[PDB]
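The structure file final.txt is reproduced below (compact mmCIF, C-alpha atoms).
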```
# COMPACT_ATOMS: atom_id res chain seq x y z
CA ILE A 8 42.92 -123.92 -35.30
CA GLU A 9 41.15 -121.44 -37.60
CA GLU A 10 42.66 -118.32 -36.02
CA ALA A 11 46.15 -119.77 -36.19
CA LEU A 12 45.59 -120.81 -39.80
CA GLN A 13 44.56 -117.26 -40.78
CA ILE A 14 47.59 -115.84 -38.96
CA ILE A 15 49.86 -118.24 -40.87
CA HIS A 16 48.00 -117.54 -44.12
CA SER A 17 48.55 -113.78 -43.81
CA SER B 2 64.77 -118.94 -53.63
CA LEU B 3 63.78 -117.00 -50.52
CA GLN B 4 60.14 -117.10 -51.66
CA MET B 5 60.41 -120.89 -51.73
CA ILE B 6 61.72 -120.89 -48.15
CA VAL B 7 58.80 -118.72 -47.04
CA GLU B 8 56.36 -121.03 -48.82
CA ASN B 9 57.83 -124.19 -47.26
CA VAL B 10 57.64 -122.70 -43.75
CA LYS B 11 54.00 -121.89 -44.40
CA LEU B 12 53.27 -125.45 -45.57
CA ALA B 13 55.13 -127.00 -42.64
CA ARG B 14 53.07 -124.92 -40.24
CA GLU B 15 49.71 -125.59 -41.95
CA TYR B 16 50.34 -129.34 -41.95
CA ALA B 17 51.32 -129.18 -38.25
CA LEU B 18 48.20 -127.13 -37.43
CA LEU B 19 46.10 -129.74 -39.19
CA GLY B 20 47.65 -132.68 -37.37
CA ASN B 21 49.49 -134.04 -40.43
CA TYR B 22 52.72 -134.31 -38.52
CA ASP B 23 54.44 -136.64 -40.95
CA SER B 24 54.16 -134.10 -43.76
CA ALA B 25 54.89 -131.22 -41.41
CA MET B 26 58.25 -132.81 -40.55
CA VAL B 27 59.14 -133.22 -44.26
CA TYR B 28 58.64 -129.51 -44.81
CA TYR B 29 60.22 -128.49 -41.50
CA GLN B 30 63.38 -130.56 -42.08
CA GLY B 31 63.47 -129.55 -45.74
CA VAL B 32 63.24 -125.85 -45.00
CA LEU B 33 65.73 -126.03 -42.10
CA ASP B 34 68.13 -127.56 -44.58
CA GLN B 35 67.26 -124.96 -47.22
CA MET B 36 67.86 -122.13 -44.75
CA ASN B 37 71.12 -123.54 -43.44
CA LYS B 38 72.48 -123.92 -46.99
CA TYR B 39 71.36 -120.37 -47.79
CA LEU B 40 72.66 -118.97 -44.47
CA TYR B 41 76.23 -119.84 -45.30
CA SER B 42 76.04 -118.24 -48.74
CA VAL B 43 75.52 -114.98 -46.82
CA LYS B 44 78.65 -112.95 -46.24
CA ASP B 45 77.36 -110.17 -43.96
CA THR B 46 77.90 -111.39 -40.41
CA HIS B 47 74.83 -109.80 -38.84
CA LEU B 48 72.54 -110.96 -41.67
CA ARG B 49 73.80 -114.50 -41.11
CA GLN B 50 73.10 -114.11 -37.39
CA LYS B 51 69.58 -112.94 -38.20
CA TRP B 52 68.95 -115.93 -40.44
CA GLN B 53 70.35 -118.22 -37.73
CA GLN B 54 67.84 -116.73 -35.31
CA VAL B 55 65.04 -117.57 -37.75
CA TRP B 56 66.48 -121.07 -38.21
CA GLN B 57 66.44 -121.55 -34.43
CA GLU B 58 62.80 -120.49 -34.22
CA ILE B 59 61.78 -122.90 -36.97
CA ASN B 60 63.84 -125.60 -35.23
CA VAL B 61 61.87 -124.94 -32.02
CA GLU B 62 58.59 -125.53 -33.89
CA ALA B 63 59.93 -128.65 -35.56
CA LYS B 64 61.11 -129.99 -32.21
CA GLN B 65 57.61 -129.42 -30.83
CA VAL B 66 56.20 -131.45 -33.73
CA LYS B 67 58.73 -134.19 -33.04
CA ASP B 68 57.70 -134.27 -29.37
CA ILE B 69 54.00 -134.51 -30.33
CA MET B 70 54.80 -137.40 -32.64
CA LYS B 71 56.72 -139.17 -29.88
CA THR B 72 53.74 -138.84 -27.56
CA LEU B 73 51.32 -140.08 -30.24
CA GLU B 74 53.61 -143.00 -31.01
CA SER B 75 53.56 -143.92 -27.30
CA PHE B 76 49.84 -144.84 -27.58
CA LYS B 77 50.35 -148.59 -28.05
CA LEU B 78 47.37 -150.63 -29.29
CA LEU C 485 62.20 -110.92 -52.33
CA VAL C 486 64.69 -109.25 -49.92
CA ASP C 487 66.16 -111.06 -46.90
CA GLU C 488 64.66 -108.74 -44.29
CA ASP C 489 61.17 -109.11 -45.80
CA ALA C 490 61.44 -112.90 -46.00
CA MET C 491 62.60 -113.15 -42.38
CA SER C 492 59.78 -110.83 -41.33
CA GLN C 493 57.19 -112.97 -43.14
CA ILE C 494 58.48 -116.18 -41.52
CA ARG C 495 58.81 -114.81 -38.01
CA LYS C 496 55.31 -113.30 -37.88
CA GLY C 497 53.67 -116.65 -37.11
CA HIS C 498 56.31 -118.11 -34.81
CA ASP C 499 54.79 -117.24 -31.44
CA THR C 500 51.40 -118.47 -32.66
CA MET C 501 52.91 -121.78 -33.70
CA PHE C 502 54.84 -122.14 -30.45
CA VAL C 503 51.73 -121.49 -28.34
CA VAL C 504 49.45 -123.76 -30.34
CA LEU C 505 51.95 -126.60 -30.48
CA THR C 506 52.99 -126.48 -26.84
CA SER C 507 49.32 -126.38 -25.85
CA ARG C 508 48.48 -129.35 -28.04
CA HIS C 509 51.49 -131.26 -26.67
CA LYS C 510 50.40 -130.64 -23.08
CA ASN C 511 46.83 -131.66 -23.83
CA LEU C 512 47.95 -134.83 -25.56
CA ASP C 513 50.16 -135.68 -22.56
CA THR C 514 47.11 -135.30 -20.33
CA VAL C 515 45.14 -137.64 -22.57
CA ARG C 516 48.07 -140.06 -22.60
CA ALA C 517 48.32 -140.15 -18.82
CA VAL C 518 45.00 -142.03 -18.59
CA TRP C 519 45.58 -144.23 -21.63
CA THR C 520 44.90 -147.93 -21.44
CA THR C 521 43.83 -150.28 -24.22
CA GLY C 522 41.70 -151.98 -21.54
CA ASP C 523 39.45 -148.93 -21.56
CA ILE C 524 40.18 -146.38 -24.27
CA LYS C 525 37.03 -144.44 -23.31
CA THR C 526 38.93 -142.88 -20.41
CA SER C 527 41.36 -141.08 -22.74
CA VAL C 528 38.58 -140.21 -25.17
CA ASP C 529 36.65 -138.67 -22.27
CA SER C 530 39.66 -136.63 -21.18
CA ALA C 531 40.06 -135.34 -24.76
CA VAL C 532 36.39 -134.34 -24.86
CA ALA C 533 36.75 -132.57 -21.48
CA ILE C 534 39.75 -130.57 -22.72
CA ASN C 535 37.36 -129.22 -25.36
CA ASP C 536 39.90 -128.90 -28.19
CA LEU C 537 38.79 -130.61 -31.41
CA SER C 538 42.37 -130.86 -32.64
CA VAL C 539 43.20 -133.15 -29.71
CA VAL C 540 40.12 -135.28 -30.41
CA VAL C 541 41.26 -135.58 -34.06
CA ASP C 542 44.72 -136.77 -33.07
CA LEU C 543 43.26 -139.33 -30.66
CA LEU C 544 40.69 -140.66 -33.17
CA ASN C 545 43.44 -141.02 -35.79
CA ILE C 546 45.02 -143.42 -33.28
CA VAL C 547 42.06 -145.40 -32.05
CA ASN C 548 40.51 -145.64 -35.52
CA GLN C 549 43.35 -148.10 -36.23
CA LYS C 550 42.02 -150.88 -33.92
CA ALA C 551 38.24 -151.32 -33.85
CA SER C 552 38.45 -154.20 -31.34
CA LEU C 553 39.23 -151.63 -28.63
CA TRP C 554 35.86 -149.92 -29.06
CA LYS C 555 32.95 -150.73 -26.75
CA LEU C 556 29.29 -149.73 -27.06
CA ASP C 557 29.54 -147.14 -24.28
CA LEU C 558 32.25 -145.34 -26.26
CA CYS C 559 29.87 -144.72 -29.14
CA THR C 560 27.64 -142.20 -27.38
CA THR C 561 30.79 -140.15 -26.58
CA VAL C 562 32.28 -140.34 -30.07
CA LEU C 563 29.18 -139.75 -32.14
CA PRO C 564 28.80 -136.09 -31.07
CA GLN C 565 32.42 -135.53 -32.04
CA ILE C 566 31.84 -137.25 -35.37
CA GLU C 567 28.98 -134.85 -35.93
CA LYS C 568 31.32 -131.90 -35.44
CA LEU C 569 34.03 -133.38 -37.66
CA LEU C 570 31.67 -134.08 -40.59
CA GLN C 571 30.82 -130.36 -40.63
CA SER C 572 34.44 -129.18 -40.46
CA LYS C 573 35.78 -127.09 -43.26
CA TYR C 574 39.04 -129.08 -43.07
CA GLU C 575 38.97 -132.09 -45.39
CA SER C 576 41.19 -134.08 -43.04
CA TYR C 577 38.85 -133.58 -40.11
CA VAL C 578 35.91 -134.74 -42.24
CA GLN C 579 37.90 -137.80 -43.23
CA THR C 580 38.73 -138.69 -39.59
CA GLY C 581 35.05 -138.28 -38.78
CA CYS C 582 34.07 -140.53 -41.71
CA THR C 583 36.59 -143.21 -40.69
CA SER C 584 35.25 -143.30 -37.12
CA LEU C 585 31.64 -143.39 -38.27
CA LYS C 586 32.26 -146.25 -40.66
CA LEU C 587 33.97 -148.09 -37.79
CA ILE C 588 31.02 -147.61 -35.49
CA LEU C 589 28.46 -148.60 -38.15
CA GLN C 590 30.29 -151.74 -39.21
CA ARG C 591 31.07 -152.82 -35.66
CA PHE C 592 27.88 -151.87 -33.81
CA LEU C 593 24.87 -151.23 -36.03
CA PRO C 594 23.70 -154.87 -36.09
CA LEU C 595 24.07 -155.17 -32.30
CA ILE C 596 22.25 -151.87 -31.72
CA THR C 597 19.53 -153.00 -34.10
CA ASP C 598 19.19 -156.38 -32.38
CA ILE C 599 19.00 -154.89 -28.88
CA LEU C 600 16.41 -152.32 -29.88
CA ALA C 601 14.32 -154.96 -31.72
CA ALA C 602 14.40 -157.47 -28.88
CA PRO C 603 11.25 -158.42 -27.00
CA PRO C 604 11.09 -156.69 -23.62
CA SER C 605 12.82 -158.67 -20.90
CA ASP C 609 18.77 -155.90 -14.61
CA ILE C 610 20.40 -152.48 -14.25
CA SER C 611 23.36 -153.24 -16.54
CA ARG C 612 21.10 -154.46 -19.34
CA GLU C 613 18.79 -151.46 -18.92
CA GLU C 614 21.77 -149.09 -19.04
CA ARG C 615 22.91 -150.80 -22.22
CA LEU C 616 19.44 -150.49 -23.73
CA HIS C 617 19.41 -146.72 -23.04
CA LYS C 618 22.89 -146.48 -24.53
CA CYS C 619 21.55 -148.21 -27.64
CA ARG C 620 18.60 -145.84 -27.84
CA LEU C 621 20.97 -142.88 -27.59
CA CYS C 622 23.26 -144.30 -30.29
CA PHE C 623 20.25 -144.74 -32.59
CA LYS C 624 19.13 -141.18 -31.94
CA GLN C 625 22.63 -139.91 -32.67
CA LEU C 626 23.01 -142.09 -35.77
CA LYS C 627 19.62 -140.98 -37.05
CA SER C 628 20.70 -137.35 -36.70
CA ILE C 629 24.04 -138.03 -38.41
CA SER C 630 22.33 -139.90 -41.26
CA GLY C 631 20.59 -136.69 -42.39
CA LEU C 632 23.92 -134.90 -42.58
CA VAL C 633 25.33 -137.89 -44.48
CA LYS C 634 22.42 -137.94 -46.92
CA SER C 635 22.97 -134.24 -47.64
CA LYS C 636 26.60 -134.92 -48.61
CA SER C 637 26.34 -138.30 -50.41
CA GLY C 638 25.59 -136.67 -53.75
CA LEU C 639 28.56 -134.28 -53.73
CA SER C 640 30.75 -136.78 -55.63
CA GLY C 641 28.25 -137.18 -58.45
CA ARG C 642 28.77 -140.37 -60.43
CA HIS C 643 31.95 -141.07 -58.47
CA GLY C 644 32.50 -142.84 -55.19
CA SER C 645 33.04 -141.04 -51.91
CA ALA C 646 33.26 -141.76 -48.21
CA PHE C 647 29.83 -140.16 -47.83
CA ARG C 648 28.29 -142.50 -50.42
CA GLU C 649 29.68 -145.43 -48.43
CA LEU C 650 28.25 -144.10 -45.21
CA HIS C 651 24.85 -143.47 -46.76
CA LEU C 652 24.76 -147.10 -47.89
CA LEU C 653 25.98 -148.31 -44.50
CA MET C 654 23.15 -146.27 -42.95
CA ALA C 655 20.42 -147.47 -45.32
CA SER C 656 18.48 -149.19 -42.50
CA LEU C 657 18.07 -145.79 -40.79
```
Take the structure from the file and write it as structure tokens.
Amino acid sequence: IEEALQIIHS
Amino acid sequence: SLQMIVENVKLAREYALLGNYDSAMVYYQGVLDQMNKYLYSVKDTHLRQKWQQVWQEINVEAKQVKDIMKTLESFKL
Amino acid sequence: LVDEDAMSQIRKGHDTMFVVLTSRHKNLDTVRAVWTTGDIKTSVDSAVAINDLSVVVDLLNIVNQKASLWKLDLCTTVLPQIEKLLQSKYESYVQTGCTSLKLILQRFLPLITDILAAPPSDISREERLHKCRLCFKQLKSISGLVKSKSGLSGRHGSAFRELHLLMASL
């Protein structure tokens, strides 16, 4: 889920 | 507060990504309600249509969370 | 904050969320299709085959609620996943990993210890003995990770202090 989390974080 | 709406979408999504579906649904239903209330304070027709589009996208995500929870609940012990 | 900007910020992550969530839903349905309390290892195995740790986490959060469903053979499948979870940077993954490991230790460590200590004596029994040796190897490896995290809470309690005490015999 890390990639998705960074997308959502940005 | 639009910033509050943006923040609550972010939290709903993070909780869903992390598998905390109970909390995700609190934020998803809360922000759908926040947006709907805000939507109808908007007088410009196209801006309201644009917010309704966003609301529908969030609703899609929330419905996916609800489906995941229904599946998980179906695991009887 | 202007409406257009707020909408833009929200919509950016929508396709990502739709893809991730529909993929997780499908994967969980696959796991569910082989579910039976009579042998929960079958669903755990499917989750491990799908190779998505988020699906393993969701399944462990379910089966961690009833230890009676766990059998010795399930341990050698779950322990490698526990090892991954205890190293996660997500607190909630670490906690699921801790919960499962405490379950295993409290349910199985005496039995594993007894079998391994027994005087030498049957294919089934010999398979079980090799399962026990593998569990011990896996638990011994996990204990070092646990020992490296048991002091993080200082004077306070923590799930890793509990596990270190539960693993004192190793």
Select all residues near (28.8, -141.7, -47.6) (cut-off 10 Å, inclusive, file coordinates), counting all atoms listed in the file, and output them as a ChimeraX atom specification.
-> /C:582,585-586,630,632-640,644-654
Using only C-alpha atoms, which residues sit within 8 Å of range 555-560 of chain C once same-chain residues fewer than 4 positions away are excluded, as a list in words?
->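 The residues satisfying every condition are residues 525, 564, 588, 592, 615, 618, 619, 621, 622 and 625 of chain C.
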For chain A, which residue out of C:631, C:497, C:603, C:581 is the nearest one, using only C-alpha atoms?
->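 Among the listed residues, C:497 lies closest to chain A.
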Neighbours of chain B in chain A at 7 Å, counting all atoms listed in the file, as a PyMOL selection string | chain A and resi 8+12+15
Could you list, as a list in words, every residue of chain B that has an atom within 7 Å of an atom of chain C, counting all atoms listed in the file?
->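 Filtering chain B at 7 Å from chain C with all atoms listed in the file gives residues 3, 4, 7, 10, 20, 55, 58, 62, 65, 69, 72 and 78 of chain B.
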To one decimal in Å, tell me the separation between CA of residue 620 in chain C and CA of residue 563 in chain C.
->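 Separating CA of residue 620 in chain C from CA of residue 563 in chain C is a distance of 12.9 Å.
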Interatomic distance, CA of residue 47 in chain B to CA of residue 16 in chain A (Å, one decimal) = 28.4 Å
Separation of CA of residue 583 in chain C from CA of residue 570 in chain C in Å | 10.4 Å
Residue with the minimum atom-to-atom distance to residue 17 in chain A, picked from B:51, B:73, B:8, B:42 with all atoms listed in the file counted, is B:8
Of the listed residues C:598, C:536, C:567, C:609, that which approaches chain A most closely, counting only C-alpha atoms = C:536
Find the residue from C:507, C:500, C:656, C:548 that sits nearest to chain A; use only C-alpha atoms when measuring.
->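 Checking each candidate against chain A, we get C:500 as the closest.
You can rank B:52, B:74, B:21, B:2 by their closest distance to residue 40 in chain B using all atoms listed in the file, and at the top of that list sits B:52.
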Among the residues C:554, C:565, C:599, C:616, the one that comes closest to residue 531 in chain C [using only C-alpha atoms] = C:565
Box for range 575-591 of chain C: with edges along x, y and z, all listed atoms inside and 5 Å added on each side, what are the centre and edge lengths in Å to one decimal, as AutoDock Vina command-line options?
```
--center_x 34.8 --center_y -142.5 --center_z -40.4 --size_x 22.7 --size_y 30.7 --size_z 19.9
```
Rebuild N, CA, C and O atoms on range 53-77 of chain B, as a PDB file, keeping the file's coordinate frame?
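The resulting file, selection23.pdb, is reproduced below:
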```pdb
ATOM      1  N   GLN B  53      70.172-117.157 -38.723  1.00  0.00           N
ATOM      2  CA  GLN B  53      70.350-118.220 -37.730  1.00  0.00           C
ATOM      3  C   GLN B  53      69.311-118.124 -36.638  1.00  0.00           C
ATOM      4  O   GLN B  53      68.812-119.145 -36.167  1.00  0.00           O
ATOM      5  N   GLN B  54      68.953-116.904 -36.242  1.00  0.00           N
ATOM      6  CA  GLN B  54      67.840-116.730 -35.310  1.00  0.00           C
ATOM      7  C   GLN B  54      66.556-117.330 -35.879  1.00  0.00           C
ATOM      8  O   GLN B  54      65.845-118.088 -35.196  1.00  0.00           O
ATOM      9  N   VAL B  55      66.220-116.987 -37.119  1.00  0.00           N
ATOM     10  CA  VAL B  55      65.040-117.570 -37.750  1.00  0.00           C
ATOM     11  C   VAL B  55      65.134-119.092 -37.772  1.00  0.00           C
ATOM     12  O   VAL B  55      64.173-119.796 -37.435  1.00  0.00           O
ATOM     13  N   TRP B  56      66.288-119.619 -38.171  1.00  0.00           N
ATOM     14  CA  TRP B  56      66.480-121.070 -38.210  1.00  0.00           C
ATOM     15  C   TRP B  56      66.202-121.690 -36.840  1.00  0.00           C
ATOM     16  O   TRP B  56      65.526-122.731 -36.735  1.00  0.00           O
ATOM     17  N   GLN B  57      66.635-121.018 -35.768  1.00  0.00           N
ATOM     18  CA  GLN B  57      66.440-121.550 -34.430  1.00  0.00           C
ATOM     19  C   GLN B  57      64.960-121.546 -34.057  1.00  0.00           C
ATOM     20  O   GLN B  57      64.491-122.441 -33.351  1.00  0.00           O
ATOM     21  N   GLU B  58      64.224-120.544 -34.517  1.00  0.00           N
ATOM     22  CA  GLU B  58      62.800-120.490 -34.220  1.00  0.00           C
ATOM     23  C   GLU B  58      62.076-121.610 -34.952  1.00  0.00           C
ATOM     24  O   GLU B  58      61.243-122.313 -34.367  1.00  0.00           O
ATOM     25  N   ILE B  59      62.373-121.778 -36.234  1.00  0.00           N
ATOM     26  CA  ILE B  59      61.780-122.900 -36.970  1.00  0.00           C
ATOM     27  C   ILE B  59      62.145-124.224 -36.305  1.00  0.00           C
ATOM     28  O   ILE B  59      61.320-125.142 -36.201  1.00  0.00           O
ATOM     29  N   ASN B  60      63.410-124.374 -35.908  1.00  0.00           N
ATOM     30  CA  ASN B  60      63.840-125.600 -35.230  1.00  0.00           C
ATOM     31  C   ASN B  60      63.028-125.848 -33.959  1.00  0.00           C
ATOM     32  O   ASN B  60      62.654-126.987 -33.678  1.00  0.00           O
ATOM     33  N   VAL B  61      62.729-124.799 -33.192  1.00  0.00           N
ATOM     34  CA  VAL B  61      61.870-124.940 -32.020  1.00  0.00           C
ATOM     35  C   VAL B  61      60.515-125.539 -32.395  1.00  0.00           C
ATOM     36  O   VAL B  61      59.991-126.426 -31.699  1.00  0.00           O
ATOM     37  N   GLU B  62      59.878-125.000 -33.441  1.00  0.00           N
ATOM     38  CA  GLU B  62      58.590-125.530 -33.890  1.00  0.00           C
ATOM     39  C   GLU B  62      58.716-126.977 -34.320  1.00  0.00           C
ATOM     40  O   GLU B  62      57.872-127.813 -33.981  1.00  0.00           O
ATOM     41  N   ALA B  63      59.762-127.290 -35.073  1.00  0.00           N
ATOM     42  CA  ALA B  63      59.930-128.650 -35.560  1.00  0.00           C
ATOM     43  C   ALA B  63      60.155-129.600 -34.399  1.00  0.00           C
ATOM     44  O   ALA B  63      59.704-130.755 -34.443  1.00  0.00           O
ATOM     45  N   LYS B  64      60.883-129.148 -33.378  1.00  0.00           N
ATOM     46  CA  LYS B  64      61.110-129.990 -32.210  1.00  0.00           C
ATOM     47  C   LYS B  64      59.806-130.228 -31.455  1.00  0.00           C
ATOM     48  O   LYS B  64      59.600-131.300 -30.885  1.00  0.00           O
ATOM     49  N   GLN B  65      58.936-129.219 -31.407  1.00  0.00           N
ATOM     50  CA  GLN B  65      57.610-129.420 -30.830  1.00  0.00           C
ATOM     51  C   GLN B  65      56.815-130.464 -31.603  1.00  0.00           C
ATOM     52  O   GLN B  65      56.126-131.305 -31.012  1.00  0.00           O
ATOM     53  N   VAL B  66      56.874-130.417 -32.927  1.00  0.00           N
ATOM     54  CA  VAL B  66      56.200-131.450 -33.730  1.00  0.00           C
ATOM     55  C   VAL B  66      56.785-132.820 -33.424  1.00  0.00           C
ATOM     56  O   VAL B  66      56.052-133.803 -33.251  1.00  0.00           O
ATOM     57  N   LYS B  67      58.106-132.913 -33.360  1.00  0.00           N
ATOM     58  CA  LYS B  67      58.730-134.190 -33.040  1.00  0.00           C
ATOM     59  C   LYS B  67      58.282-134.713 -31.677  1.00  0.00           C
ATOM     60  O   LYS B  67      58.010-135.922 -31.519  1.00  0.00           O
ATOM     61  N   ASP B  68      58.165-133.830 -30.680  1.00  0.00           N
ATOM     62  CA  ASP B  68      57.700-134.270 -29.370  1.00  0.00           C
ATOM     63  C   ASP B  68      56.257-134.782 -29.426  1.00  0.00           C
ATOM     64  O   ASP B  68      55.901-135.754 -28.747  1.00  0.00           O
ATOM     65  N   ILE B  69      55.383-134.098 -30.180  1.00  0.00           N
ATOM     66  CA  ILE B  69      54.000-134.510 -30.330  1.00  0.00           C
ATOM     67  C   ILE B  69      53.937-135.880 -30.982  1.00  0.00           C
ATOM     68  O   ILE B  69      53.171-136.768 -30.560  1.00  0.00           O
ATOM     69  N   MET B  70      54.798-136.102 -31.981  1.00  0.00           N
ATOM     70  CA  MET B  70      54.800-137.400 -32.640  1.00  0.00           C
ATOM     71  C   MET B  70      55.273-138.475 -31.688  1.00  0.00           C
ATOM     72  O   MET B  70      54.748-139.598 -31.717  1.00  0.00           O
ATOM     73  N   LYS B  71      56.253-138.169 -30.832  1.00  0.00           N
ATOM     74  CA  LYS B  71      56.720-139.170 -29.880  1.00  0.00           C
ATOM     75  C   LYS B  71      55.616-139.544 -28.894  1.00  0.00           C
ATOM     76  O   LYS B  71      55.418-140.722 -28.565  1.00  0.00           O
ATOM     77  N   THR B  72      54.888-138.548 -28.405  1.00  0.00           N
ATOM     78  CA  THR B  72      53.740-138.840 -27.560  1.00  0.00           C
ATOM     79  C   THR B  72      52.704-139.698 -28.283  1.00  0.00           C
ATOM     80  O   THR B  72      52.240-140.726 -27.749  1.00  0.00           O
ATOM     81  N   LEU B  73      52.322-139.305 -29.503  1.00  0.00           N
ATOM     82  CA  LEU B  73      51.320-140.080 -30.240  1.00  0.00           C
ATOM     83  C   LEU B  73      51.809-141.493 -30.497  1.00  0.00           C
ATOM     84  O   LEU B  73      51.028-142.454 -30.443  1.00  0.00           O
ATOM     85  N   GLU B  74      53.096-141.652 -30.795  1.00  0.00           N
ATOM     86  CA  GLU B  74      53.610-143.000 -31.010  1.00  0.00           C
ATOM     87  C   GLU B  74      53.538-143.833 -29.736  1.00  0.00           C
ATOM     88  O   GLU B  74      53.464-145.067 -29.794  1.00  0.00           O
ATOM     89  N   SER B  75      53.584-143.187 -28.570  1.00  0.00           N
ATOM     90  CA  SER B  75      53.560-143.920 -27.300  1.00  0.00           C
ATOM     91  C   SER B  75      52.205-144.535 -26.974  1.00  0.00           C
ATOM     92  O   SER B  75      52.108-145.305 -26.004  1.00  0.00           O
ATOM     93  N   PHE B  76      51.164-144.240 -27.749  1.00  0.00           N
ATOM     94  CA  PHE B  76      49.840-144.840 -27.580  1.00  0.00           C
ATOM     95  C   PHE B  76      49.902-146.215 -28.248  1.00  0.00           C
ATOM     96  O   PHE B  76      49.624-146.355 -29.435  1.00  0.00           O
ATOM     97  N   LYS B  77      50.261-147.243 -27.491  1.00  0.00           N
ATOM     98  CA  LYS B  77      50.350-148.590 -28.050  1.00  0.00           C
ATOM     99  C   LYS B  77      48.983-149.276 -28.054  1.00  0.00           C
ATOM    100  O   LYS B  77      48.200-149.121 -27.119  1.00  0.00           O
TER     101      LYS B  77
END
```
